[PDB]
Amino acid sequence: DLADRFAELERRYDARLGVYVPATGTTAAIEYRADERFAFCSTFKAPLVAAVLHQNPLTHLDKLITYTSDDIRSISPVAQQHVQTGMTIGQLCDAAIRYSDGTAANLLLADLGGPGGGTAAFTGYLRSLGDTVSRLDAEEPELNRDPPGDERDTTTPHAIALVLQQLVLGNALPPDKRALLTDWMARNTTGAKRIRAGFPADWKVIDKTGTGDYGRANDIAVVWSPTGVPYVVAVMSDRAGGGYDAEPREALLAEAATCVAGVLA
């Protein structure tokens, strides 16, 4: 019956909806197009900082990185202000998650090294968690512009949700590094109108957003019920029917999250 509401929301916005919530001890798994490929967009910026944290000691966060105005190639609210001073690896992680800074994302990919500016090393990290589906092939901002049907720079709600589960609720990272990831996602500034807007205020929400062309709008989150039970929620969408210039619809992601909150209640 819940699958009839998601398809109802798809009718209302000219959209394709993808939803996955991992199953817990007391609740079954929610799935709607869970194994269909959607574009990463800015969703990869959360597991990316976990990759840098995984391969480096906490002192690596103090290394200063220098760049020029010809490295700013996408939406970068933070990197545009430090082209003279430079930014530490620590501040690059902070800006990449809480402000979705595109330039900080590309610099962190260079910090992972390897061919393709780090895209190979990053995908290798997801394979190490058990994700044999997701893949990153380009950098910002080209990773947001792959045509519909192309597998480059794509994931699925099923795959990214299980990866997020290991990073926040599992042991993919030691506690010291795990507390840095969670706090940054908890002080996000870009997701006020998506998953967060669909859940009651007494539910705690941490999230990382994504947006691109063809009306692509994503949000991945970990939520806590008022009593303290955790869940993982992945919601992705696009509107390829309207072409390259289709506008993303945030209200669709908020309304779908309300439907999830009704079942978990």
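Residue numbers here begin at 1 and follow the sequence given. In this text, the rigid core denotes the largest set of C-alpha atoms whose superposition between the two forms falls within 1.5 Å.
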In 5 other deposited structures of this protein, superposed by the rigid core, which stretch departs further from the shown form in CA positions, 231-239 or 62-70?
62-70
83-91 or 117-125, the stretch lying farther from the shown form in 5 other deposited structures of this protein by root mean square CA distance over structures and residues, after core fitting, is 83-91
What stretch has the higher average Cα B-factor here, 66-74 or 32-40?
66-74
Is the mean CA B factor in the deposited entry higher across 147-155 or across 78-86?
78-86
With respect to the C-alpha temperature factors reported in the PDB entry, which of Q166, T132, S100, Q91 ranks highest?
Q91
Based on the deposited C-alpha B factors for this chain, I'd like to know if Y244 is in the lowest, middle or highest third.
highest
Of the three thirds of its chain by CA temperature factor, lowest, middle or highest, which one includes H60?
highest
Considering every modelled residue of the chain and its Cα B-factor in the PDB entry, is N171 in the lowest, middle or highest third?
highest
For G124, return the chain-relative third of its C-alpha B-factor as stated in the PDB record: lowest, middle or highest.
lowest
In terms of its chain's C-alpha B-factors, the third that includes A261 is the lowest
